[PDB]
Amino acid sequence: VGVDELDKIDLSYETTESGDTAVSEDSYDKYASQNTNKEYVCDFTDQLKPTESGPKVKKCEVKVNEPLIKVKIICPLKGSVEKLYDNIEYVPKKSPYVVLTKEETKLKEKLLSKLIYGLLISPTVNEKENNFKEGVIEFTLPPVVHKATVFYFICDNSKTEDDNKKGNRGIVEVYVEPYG
Amino acid sequence: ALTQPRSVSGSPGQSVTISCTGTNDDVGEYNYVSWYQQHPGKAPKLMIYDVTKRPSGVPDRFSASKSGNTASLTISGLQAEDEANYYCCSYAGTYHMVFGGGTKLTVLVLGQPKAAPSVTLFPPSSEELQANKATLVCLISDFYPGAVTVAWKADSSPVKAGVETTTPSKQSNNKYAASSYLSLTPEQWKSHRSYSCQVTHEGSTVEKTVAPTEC
Amino acid sequence: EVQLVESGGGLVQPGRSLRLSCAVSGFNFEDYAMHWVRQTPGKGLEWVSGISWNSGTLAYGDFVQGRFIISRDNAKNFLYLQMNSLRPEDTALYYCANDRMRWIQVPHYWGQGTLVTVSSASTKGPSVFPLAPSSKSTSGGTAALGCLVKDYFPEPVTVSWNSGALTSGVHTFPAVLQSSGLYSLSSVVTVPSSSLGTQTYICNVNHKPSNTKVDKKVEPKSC
Ligand SMILES: [Cl-]
Ligand SMILES: [Cl-]
């Protein structure tokens, strides 16, 4: 693919961790990624379904300090099930090539490959493109990492409403501690 | 960035449809399509939200829909008060909005006369030439209906430089009332022997010719 | 009940900066997303920026390119737009609008707009020249006479044909931008030929951005 496509980045917006919800950081549901072999997984399909106590913030924390770790994030697709994800949005649109980083109090887009130097991003994942449009993104972290880096993905279902239930906002925080 | 037709028209009781085509990242992706009415000199007014819904007070002769990347606004049985500009609008993802380019809706009277423009061509005044300027002013009025053009000529050769023209507008007797201007230097106005404001409506060219004269 | 009042527009040179403000009332501002939208008076609507109720998200149109800052004061009920490094093509009327939702989705109620002109031309009152009626039987029984409002800057200008008296036949035409960067417009009246030697036709031209008023009596061509 052309470099115009792979470096497609959107700097014309900013967000916070809570976004448009009124959920403070004290009230987040924080939990760790699932450790399956050397693959760390944030699966949002169950976590973001409309609940009566919605919107919640579901924050999946990926802490990396081992080499060659695969990170996989699943964001449930609009219309994958009826009603449950009808208004879901994901940010950045060009994840995993584009990630959010914390500039001051705001999250803004940055190229992940510019952020971590030996980064491995496959263009496809099980023959579907590596993009939340197909519901799964994946990347592999380098053999060594000099400087600690933190970045974010958003999978936000809080605009989805099903009767008395509202979907949840999902956050992935990836924290790469220095290793190697 | 959403694409709209430039203009639609109808007589009262007729129906008009205004299309609005976007991409699969805005109109095709979300059910967040809205439509606005704007009268000359006024702020926009929300007429449709969430593709099909009317705010309280919008008459139900306004309806709208979407199919793939194209939204549509239909005014069934349009009234004189509906003459306005209409703008589609859509969520564009990542907290952005995007507007269509706008469509002018003209409300006609079905079957009225076809062509009667009264073209008046003013040479540059003496006071203007004394101020080292020169403007020919071509005024077209009392005509219904047309979106036709205005060309200019110097002697036997066409003029394609210095021309500005204002789009027409209704009046009390439902007529044309439009303007055009040719900016020159005093040397250009005294050099050629005639200028012409030629217009064309219905394949019929109507030309007014004006020469420099000293008295 | 609902109203929104924009302020802070005017004339700047290219590269300079303006701050737009929007004061609101009649709705609980703090619970609503808000928008800035511009309209070039010859062109259509163009989305400039938006901000959610809690400033948790904000965004900008693609022409903005890092130059503008949207923000909000939910206690004073104010919406702001800082506009840096302004370009001539940023010249437009600028509206603020609330949303139906607490997040950015659909502009609902709109203000009146504030005019922003960006140009290296400085402010100048018009020169008013007569468009003098010629008695050479232009259609025989009719006679258009007007006045040419030439080379003024910036917009707007208000034309009043004889102190708000001459109303019918009077079309104060919209302004055109000339290649010099200044504006010009015409104001014509259509009056019969026997009305020429009797009446008195004076066009008043009021250009507030240069503090100029011009009265000019148009009279037929003679020698
Ligand atoms: Cl309906
Ligand atoms: Cl737009």
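Letters A, B, ... are given to chains in the order of the sequence lines, protein chains preceding strands, and every chain is numbered from 1. When reading the values below, keep in mind they use all heavy atoms of this one structure, side chains included, and skip hydrogens, waters and symmetry mates.
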[X] side-chain N/O to [Y] backbone N/O, donor-acceptor pair under 3.5 Å:
{"X": "B:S76", "Y": "B:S15", "answer": "no"}
{"X": "B:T103", "Y": "B:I18", "answer": "no"}
{"X": "B:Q4", "Y": "B:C88", "answer": "yes"}

Handout entry: Heavy-atom pair with the smallest gap, counting every atom of A:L111 and A:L6
Key =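 Scanning both residues, the minimum pair turns out to be CD2-O, 4.0 Å.
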For chain B against chain A, print all donor and acceptor atom pairs separated by less than 3.5 Å.
{"residue": "B:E29", "atom": "O", "partner": "A:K78", "partner atom": "NZ", "Å": "3.2"}
{"residue": "B:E29", "atom": "OE2", "partner": "A:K78", "partner atom": "NZ", "Å": "2.8"}
{"residue": "B:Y32", "atom": "OH", "partner": "A:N87", "partner atom": "OD1", "Å": "3.3"}
{"residue": "B:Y91", "atom": "OH", "partner": "A:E89", "partner atom": "OE1", "Å": "2.8"}
{"residue": "B:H96", "atom": "NE2", "partner": "A:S12", "partner atom": "OG", "Å": "2.8"}

Handout entry: Pairwise distance CD(B:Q79) to OG(B:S11) - rounded to 0.5 angstrom
Key =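 Spacing of CD (B:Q79) from OG (B:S11) equals 10.5 Å.
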Exercise for the section: Specify whether B:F143 and B:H201 have parallel, tilted or perpendicular ring planes, treating 30° as the upper limit for parallel and 60° as the lower limit for perpendicular. Expected result: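 Judged by the thresholds at 30° and 60°, the geometry between B:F143 and B:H201 is perpendicular.
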